[PDB]
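Read off the chains here:
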Amino acid sequence: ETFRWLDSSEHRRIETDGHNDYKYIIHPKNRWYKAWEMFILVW
Amino acid sequence: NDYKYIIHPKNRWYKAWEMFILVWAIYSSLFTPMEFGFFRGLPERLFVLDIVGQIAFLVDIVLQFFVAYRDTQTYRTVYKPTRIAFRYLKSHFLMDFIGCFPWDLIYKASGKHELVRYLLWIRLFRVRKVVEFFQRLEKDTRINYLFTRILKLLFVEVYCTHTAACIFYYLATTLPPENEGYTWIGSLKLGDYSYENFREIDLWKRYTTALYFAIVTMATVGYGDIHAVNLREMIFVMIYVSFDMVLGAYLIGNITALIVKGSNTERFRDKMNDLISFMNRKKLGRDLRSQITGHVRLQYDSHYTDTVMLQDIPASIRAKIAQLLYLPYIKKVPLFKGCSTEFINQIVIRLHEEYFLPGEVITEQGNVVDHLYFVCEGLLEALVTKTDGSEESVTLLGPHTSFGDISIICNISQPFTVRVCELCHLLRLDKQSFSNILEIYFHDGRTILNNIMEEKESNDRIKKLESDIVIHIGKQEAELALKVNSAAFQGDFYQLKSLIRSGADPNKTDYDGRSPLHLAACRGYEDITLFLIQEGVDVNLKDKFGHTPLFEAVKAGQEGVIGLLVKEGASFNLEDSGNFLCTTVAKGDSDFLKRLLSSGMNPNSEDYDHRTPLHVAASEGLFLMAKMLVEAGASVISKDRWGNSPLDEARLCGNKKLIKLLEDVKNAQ
Amino acid sequence: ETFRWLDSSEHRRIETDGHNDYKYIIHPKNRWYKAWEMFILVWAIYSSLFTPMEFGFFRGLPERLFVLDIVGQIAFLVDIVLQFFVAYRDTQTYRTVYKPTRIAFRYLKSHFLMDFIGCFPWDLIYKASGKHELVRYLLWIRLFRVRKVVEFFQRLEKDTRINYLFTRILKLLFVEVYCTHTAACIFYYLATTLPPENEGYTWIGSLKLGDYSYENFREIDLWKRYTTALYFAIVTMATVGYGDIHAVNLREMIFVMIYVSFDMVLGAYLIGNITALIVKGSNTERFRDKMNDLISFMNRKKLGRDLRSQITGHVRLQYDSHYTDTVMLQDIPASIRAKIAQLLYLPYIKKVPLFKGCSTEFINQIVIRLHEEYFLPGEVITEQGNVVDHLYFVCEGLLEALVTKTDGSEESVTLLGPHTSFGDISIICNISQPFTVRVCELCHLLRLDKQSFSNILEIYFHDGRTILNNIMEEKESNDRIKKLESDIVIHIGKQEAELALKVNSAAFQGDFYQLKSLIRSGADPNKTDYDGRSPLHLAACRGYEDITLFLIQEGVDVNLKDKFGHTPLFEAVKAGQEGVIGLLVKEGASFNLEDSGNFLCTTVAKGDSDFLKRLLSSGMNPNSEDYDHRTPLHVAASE
Amino acid sequence: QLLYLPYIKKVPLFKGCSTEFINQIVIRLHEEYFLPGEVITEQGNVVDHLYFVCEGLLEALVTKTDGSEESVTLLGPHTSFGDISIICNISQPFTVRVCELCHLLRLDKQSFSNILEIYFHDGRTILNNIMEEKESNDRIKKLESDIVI
Ligand SMILES: [K+]
């Protein structure tokens, strides 16, 4: 029943999947990925 | 379909011909203004193109005589040829038949008159097929409504610009070539190019020039490099701009109307936007804000189960929906066990789905409830509460359970604040509809009252002969006991059984005793008494007069029902039996006393004076009945309150023919 | 309080003010006067279109068009004096006033002088008074004859056949044109206001379109100058504006700056009214709104592919044809909805063969609780082997009752055409539905519930017995399938066998309203079946009343010996009781009882001074005796 | 208290009541209008609202089975039908039609029972007024309704 309620639900589980491994992957809502998303926006 | 030569309109080989003649009608109604305006008879390059093209619309006329249609008043497909023929001949045959005449060959073989060339303007009764295509596309939910509502308005603004360009060039051709300077194209010079002697310019330069004027005019840009100089072209562009002004206003109106009539996503978006503005204005917390947003998102994503979308669908279709969705969730409920299927079909119609997040509150402690809830999924809990903030998890209401039924039938406030611990799927049912169908179906309300008492063993409120739901049931059960007793009085054995098999009880009594066994025994209907005994009845039931059905059987006189009641526990239990036996000796009806001590009361009982019935029998001379009264009675030595054995009482009667009986029990000592 | 609402009530008072006196004042709905209103509307349309063309394009009318505007002024001079004899359909006091001093007034202080100045000859006055230019500006008074066109669009806005937001669009489209006709006439007049030697500094004297030069422009034909000016004004109104014709003077620049500022507001108002018409949605998008609201809840509930095609079929049936507007009808109260139902359904229910001559109140109670329903062909309504929850009456269409033997042998039992009912032989009975009622043609069934046709069937017991007699006076249902049930529910006694029991249970429970609703409709007996009881034997005494009014009604027979030998005085005195035995004795109650002496000796023997003093106080002679002829003193001296 | 209070003060049901009870009554009223001829209550029904006439000439008639009727009274202004069907929990015995342009004031039965159970001295005064004006032919007891309990 709750699998119908996917995005209308708890939705905050990024904490475990943050830095499992791979050591390079930048989060989208970073701060250095907001000095790029405006610099190359005005580019 | 007993014809086999009539095509169904929803065929898959005919629906490939509709989209073929749609393409041929999109072409042949866009070339027809170009054939009227830009030529004066077609060249020999386009002769074969004009011959086939009036043939694909000539076999379509024949094919429309062999296609069934749906009737408008009976909604049946009409496969009759003489009906589809007379439907085609009176609706669309004439404008499609004279439209596919070879009008160019009729023009060239009539001395080339210009008025026989205006007759090819009835080939625009082929945008009828585009109109029918858009009408079929509007009555199909697979296609979007922003793809259809203005796309058909960006089609009239193609047709009425191409046609206006063709008429605007045609008006330039209506003046002779000596008067070319007084025309819109003859007086035209764009750049270093001059459009003089314009009928030897190639077709696509003239067409692109006229269409450039028509589209720049239609968009109300209007550069004025191309304008009208004549007095016929002034009139035409006045008509044309006064038509495209309201056409552009209609386009802006349709786009604005489909923008201001937004989807439910935008309404929910602005609702969540100003709710988030209220939550950030009031400085709310973290889990509280998530609870508010989750509740309104649950309501938006789950409000689609509202039954007010369905209140034009008829009953026995809404009932089938409610029996497909809700009936397996009501059949497995411990409250409704033993209830008939009619009551459950009346239950499932008036149910409303509800969803709650894990932590909201459904019912509260101090409140009398107004909805009976059924749990489909979820793991709701029941919390009684004290004055000093205490909580006690009394009951864990899982799936297949109900709460609030005790607070409706007994009309009490709710005992438990019901908080929900999971994502639940509750089913509302208001107390008014529940109570109404309880006093409508009282034979199932009695079984509900018997189910509500057991689980709680009536923790309290047990008589609960307080709320009407528990009264109206008592009143209807009483009047149905009256009705089944009237059926049992006269011979209505089939009617009696139809009353009993409709959920009755053959043990509920009348206003003063009077079970159906009582009336069936006093009337002597032996089959009815067999049905009542094998159904299961208290055969020793008493009245407000102190009467058993055995007593009414022996008072009536039918020995068959007398013998039929005594094969079970007949058992008279009659109080004041002594004075009753003495007063039936007093009335002296000997066959009634034969019925009395046949299988019954002991004849050694006593009246207010301590005397046996054989004492009062042997006081006037009643040998024919004193013989009967001495048949089973014993202990003949018994004195009165006066102190008299019945032998010395039988002495002074003055009749000696019953003293012959007095030498009978002289050996039992 | 009808002075507060003179609009909701007192709408059409007609009687006492049609022919008061004066016999001349025409009501403003006469067929001979509304044939003059269209005539003066055509004259007003012509005289308002020709007036700017008379002003701008001429300096005094020629020798022709003289009889034309003479009769144009005569046809309005007639209408000037004709409105002194036309009534005064009023605003606040809703009655057509016939008083011809409130007809001369309300007109003289209104459109009279603007309509009497406009009938003076202003081109004979012009040519008589030395040909002055400012006496020709009084032709513009004749644009007050657009009242007759704006009154036509007010008598059309309150006409319900055409949408009011469409008459507003037609009114704006008659304001858009005639403001391009008047602007064309003023734009040509502003070119004639310059001398003919300064004609090269005008919009038309400095014009050259194609190879034709518009020089010496006062000698061109009138229909070339008018078409040129109107072409400018219409391509300016549409905001196309080619610029082949443009303003040249300052007096033309000022007029174009006024005119495009007026047309911008007018075009924005036209776009707004068209958009306001379109947002009031059509039939197709109001179908598709709830259709996409019902495709979802059919995709997530996972309904079957046949039930989905039935639901979509019924939704496409309530739209696109057969506009069942009960959802609009629900604002109307129950009394007026009952009057609507008695108008619409009584021609159909009275011709049903089930109701062969019942009472009119019973058929009224039937048609109060009816619902209209439409079904496509191929639908199954009531299938064989299920309980019947609704009673259906076929108003129009064609149905089909079928039955199967073993292997789906669907043979046509009957064909239920119009004025037929099905589901009737199983609400009367308590059996299953015996036929699969399938739909052949598009039907219009009238649905009655099962519980309504049990309440109004047990209330109206004479009509219920008439309905059972209508069912049995048939071929005993061998026209259908010969499913004979006994003889239906047979005569089941609701005359005396259950109604005396019903009124006796009403007396036993103590319901006075049910008691008097039963007995004031007749049928007050003195006997119960299955016993010798009475509505006096129950209520009065044993119950001891509940309700004090149980003894005064109808004066029923006291001293009725029941099946167990108890008079109602004995039942009132056994339960002791002290109101009915105080009250029954003045009504002539008696203590008749067989072996009363033996009963008194037994009440001596048990010992009950209250019981025996209530026996003796309510009338009892203690010299009656028993089988041994012993008085109650002979046993009250025993122990 | 300035729109409805002169109407509710001169009601024979609320005679002798405290002014605070009337001030609690007048808040929950709903102004209603009816043209001369509709029906607002029927023959057998426990009524859902208590009404007060302000300017109107409603009639209260009892219907029979065979279509007939007779008016037991003529409810003019400053009258209150309803209440005896509410506070005795019985059905309203009269089909209350209307003969003029009436000016009723609704009051639902749950809120009326709430104000009666909170202010019980005025409830006893209302019970006394109904027991003398209806004359209390029976149910001087009237413990069938939980309001009196
Ligand atoms: K322009």
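- Per the PDB entry, chain C goes by the name Potassium channel GORK and belongs to Arabidopsis thaliana.
- This structure appears in the PDB under the title "Cryo-EM Structure of the Guard Cell Potassium Channel GORK".
- Its UniProt record gives chain C a comment under Subunit, which states: "The potassium channel is probably composed of a homo- or heterotetrameric complex of pore-forming subunits."
- Looking at the Sequence similarities heading of the UniProt record, one finds this comment for chain C: "Belongs to the potassium channel family. Plant (TC 1.A.1.4) subfamily."

- Under the PDB entry, chain B has the name Potassium channel GORK and belongs to Arabidopsis thaliana.
- In its Subcellular location section, the UniProt record describing chain B reads: "Membrane".
- Reading the Sequence similarities entry of the UniProt record for chain B gives the comment "Belongs to the potassium channel family. Plant (TC 1.A.1.4) subfamily."

**Some points on the overall build of chain C**
Part 1 of the reasoning: A tally of regular secondary structure across chain C gives 25 helices and 9 strands.
Part 2 of the reasoning: Relative to its length of 639 residues, chain C is extended, with a C-alpha radius of gyration of 46 Å against a globular reference of 26 Å.
Part 3 of the reasoning: Expressed along its principal axes, the backbone C-alpha trace of chain C runs to roughly 155 × 75 × 45 Å.
Part 4 of the reasoning: Expressed as a percentage of contacts within chain C between residues at least 6 apart in sequence, the contacts between residues at least 24 apart total 69%.

**Brief notes about the coordination of the potassium ion**
Part 1 of the reasoning: Donor atoms from the polypeptide that bind the potassium ion are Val 221 of chain B (O), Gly 222 of chain B (O), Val 240 of chain C (O) and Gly 241 of chain C (O), placed at 2.8 Å.
Part 2 of the reasoning: Classification of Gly 241 of chain C by relative accessible area gives partly exposed; the value is 39%.

**As for unusual backbone geometry**
Part 1 of the reasoning: The residue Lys 283 of chain B is not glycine, and still its phi comes out positive at about 60°.
Part 2 of the reasoning: Following the sequence through the fold, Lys 283 of chain B ends up in the loop between α12 (264-281) and α13 (287-302).
Part 3 of the reasoning: Under the relative-accessibility criterion, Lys 283 of chain B is labelled exposed at 70%.
Part 4 of the reasoning: Of note, the phi angle at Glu 10 of chain C is positive, near 60°, even though the residue is not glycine.
Part 5 of the reasoning: If you trace the backbone, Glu 10 of chain C turns up in the segment before α1 (34-56).

**Looking at the environment of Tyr 201 of chain C**
Residue and element names in this part refer to chain C.
Part 1 of the reasoning: When you line up the elements, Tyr 201 lands in the loop between α7 (181-192) and β1 (208-209).
Part 2 of the reasoning: For the pair formed by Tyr 201 and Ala 247, sequence separation is 46 residues and the distance between their alpha carbons is 9.6 Å.
Part 3 of the reasoning: Excluding anything up to four places from it in sequence, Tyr 201 contacts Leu 194, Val 248 and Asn 249.

**Some thoughts on the UniProt feature "transmembrane region" in chain B**
Residues and elements named next belong to chain B.
Part 1 of the reasoning: UniProt records the feature "transmembrane region" at residues 19-39, 47-67, 91-111, 118-138, 153-173 and 235-255, using the numbering of this structure.
Part 2 of the reasoning: With 52% helix and 0% strand, the stretch residues 91-111 has end C-alpha atoms that lie 34 Å from each other.
Part 3 of the reasoning: This span, residues 153-173, is 100% helix and 0% strand, and a straight line between its end C-alpha atoms measures 30 Å.

**Details of the UniProt feature "intramembrane region" in chain C**
Part 1 of the reasoning: Here the UniProt feature "intramembrane region" sits at residues 228-247 of chain C.
Part 2 of the reasoning: Along residues 228-247 of chain C, the helical share is 50% and the strand share 0%, with 13 Å between the first and last C-alpha atoms.

**Some words on the sheet that holds strand β7 (residues 420-422) of chain C**
Residues and elements named next belong to chain C.
Part 1 of the reasoning: Overall, antiparallel pairing links the 4 strands, which are arranged β3-β9-β4-β7 in an open sheet. At either end of the open sheet lies a strand with only one pairing partner, and these are β3 (371-375) and β7. Taken over all neighbouring pairs, the strand axes of this sheet differ in orientation by 35° on average, direction set aside.
Part 2 of the reasoning: Sheet analysis places strand β4 (residues 390-394) next to β7, joined by 3 bridges and oriented antiparallel. Looking at β7, one finds that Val 394 is bridged to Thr 420.

**Description of the packing of helix α1 (residues 15-28) of chain B against helix α8 (residues 128-138) of chain B**
All names here are of chain B.
Part 1 of the reasoning: Running from N to C, α1 and α8 cross one another at 130°; their axes reach a closest spacing of 9 Å. Classed by the angle they form, the pair α1 and α8 counts as oblique. Helix-helix and strand crossings are classified by hand; for α1 and α8 the assignment is left-handed. Every residue of α8 that contacts α1 at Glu 18, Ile 21, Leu 22, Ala 25 and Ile 26 is listed here: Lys 129, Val 130, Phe 133 and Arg 136.
Part 2 of the reasoning: Partitioning the contact of α1 with α8 into residue classes produces 6 nonpolar, no polar and 3 charged.

**Section: the nonpolar core**
Part 1 of the reasoning: Core analysis: the largest hydrophobic core is formed by 117 residues, its most contacted members being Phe 336, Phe 343 and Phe 434 of chain B together with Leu 399 of chain C.
Part 2 of the reasoning: By residue number, the principal contributor to this core is helix α20 (residues 468-489) of chain B, which donates 7 residues.
Part 3 of the reasoning: For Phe 336 of chain B, the contacting residues outside a window of four places in its chain are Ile 330, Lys 331, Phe 343, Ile 344, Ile 347, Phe 374, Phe 434 and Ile 448 of chain B.
Part 4 of the reasoning: In terms of nonpolar packing, the next biggest core, distinct from the first, is built from 73 residues, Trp 184 and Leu 211 of chain B together with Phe 58 and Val 240 of chain C among them.

**Points about the interface of chain A and chain B**
Part 1 of the reasoning: Between chain A and chain B, the residue contacts involve 5 residues of the former and 7 residues of the latter.
Part 2 of the reasoning: Between chain A and chain B the total buried area reaches about 570 Å² when both faces are included, carbon and sulfur atoms providing 63% of it.
Part 3 of the reasoning: Together, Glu 1, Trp 5 and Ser 8 of chain A form the three largest contributors to the area buried by chain A at its contact with chain B, with a combined 87%.
Part 4 of the reasoning: The tally of links from chain A across to chain B stands at 0 salt bridges.
Part 5 of the reasoning: Across the chain A-chain B interface, the total number found is 1 residue pair in polar contact.

**So, the environment of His 322 of chain C**
Residues and elements named next belong to chain C.
Part 1 of the reasoning: With respect to the helices and strands, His 322 occurs in the loop between α11 (305-318) and α12 (326-329).
Part 2 of the reasoning: Residue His 322 is classed as partly exposed on the basis of its relative accessible area, which comes to 32%.
Part 3 of the reasoning: In this structure, the C-alpha to C-alpha distance between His 322 and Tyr 107, residues 215 residues apart in sequence, is 49 Å.
Part 4 of the reasoning: What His 322 contacts, discounting residues up to four positions off in sequence, is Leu 317, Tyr 374 and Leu 442.

**Re the sheet that holds strand β4 (residues 95-97) of chain D**
Residues and elements named next belong to chain D.
Part 1 of the reasoning: With antiparallel pairing, 3 strands are arranged side by side in an open sheet as β3-β2-β4. At either margin of the open sheet sits one strand with a lone partner, and together these are β3 (69-75) and β4. Going across the sheet, the axis of each strand differs from the next one's by a mean of 30°, ignoring polarity.
Part 2 of the reasoning: For strand β2 (residues 58-63) and β4, the ladder comprises 3 bridges, and the chain directions are antiparallel. The residue of β4 that forms the bridge with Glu 59 is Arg 97.

**What about the packing of aromatic side chains?**
Part 1 of the reasoning: Per the stated rule, a full pass over the model turns up 82 aromatic pairs over all chains.
Part 2 of the reasoning: Here the aromatic rings of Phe 336 of chain B and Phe 343 of chain B are separated by 5.5 Å at their centres, their planes lie at 80°, and the arrangement is edge-to-face. Comparing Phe 336 of chain B with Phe 343 of chain B, the two get one shared label, buried.
Part 3 of the reasoning: Centroid distance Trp 223 of chain C to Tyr 226 of chain C: 6.0 Å. Interplanar angle 85°. Geometry classified as edge-to-face. One end of the pair is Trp 223 of chain C and the other is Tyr 226 of chain C, both in helix α8 (residues 222-237) and 3 residues apart, which spans about a single turn.
Part 4 of the reasoning: Classification of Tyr 226 of chain C as buried rests on a relative accessible area of 12%.
Part 5 of the reasoning: One aromatic cluster is present, formed by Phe 65, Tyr 88, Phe 93, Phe 97, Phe 101 and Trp 103 of chain B through successive ring pairs.
Part 6 of the reasoning: Directly above the aromatic system of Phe 134 of chain B lies the positively charged group of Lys 152 of chain B, at a separation of 5.7 Å from the ring centroid.

Thresholds applied
- Residues numbered from 1 in each chain as written, not as in the entry; some residues may be left out.
- Chains lettered and ligands numbered in written order.
- Part of a larger assembly, values for the part shown.
- Heavy atoms only, no water.
- Residues with missing side-chain atoms left out of burial classes, pairs and counts.
- UniProt positions renumbered as here; feature names shortened; annotations may be inferred.
- Helix = DSSP H or I, 4+ residues; strand = E, 2+ residues; numbered from the N terminus.
- Rg over C-alpha atoms; globule rule 2.2 N^0.38 Å.
- Contact = heavy atoms within 4.5 Å.
- Donors = N, O, S within 2.8 Å, 3.2 Å for Na, K, Ca; no water.
- Buried < 20%, exposed > 50% of the residue type's maximum accessible area, 1.4 Å probe, protein only.
- Pairing = 2+ DSSP bridges.
- Axes fitted to C-alpha atoms, helices over the stretch in contact; angles between N-to-C directions.
- Parallel < 35°, antiparallel > 145°, perpendicular 65-115°, else oblique.
- Left-handed = near helix turned anticlockwise from the far one by under 90°.
- Nonpolar A, V, L, I, M, F, W, Y, C, P; charged D, E, K, R; others polar.
- Core = buried A, V, L, I, M, F, W, Y, C linked by side-chain atoms within 4.5 Å.
- Buried area = accessible area lost by both parts, 1.4 Å probe.
- Salt bridge = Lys/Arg side-chain N within 4 Å of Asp/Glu carboxyl O.
- Polar contact = N/O pair within 3.5 Å; in protein donor to acceptor, adjacent residues only side chain to side chain.
- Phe/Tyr/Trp six-rings, centres within 6.5 Å; stacked < 30°, edge-to-face > 60°.
- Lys NZ or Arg CZ within 6 Å of the ring centre and 35° of its normal.

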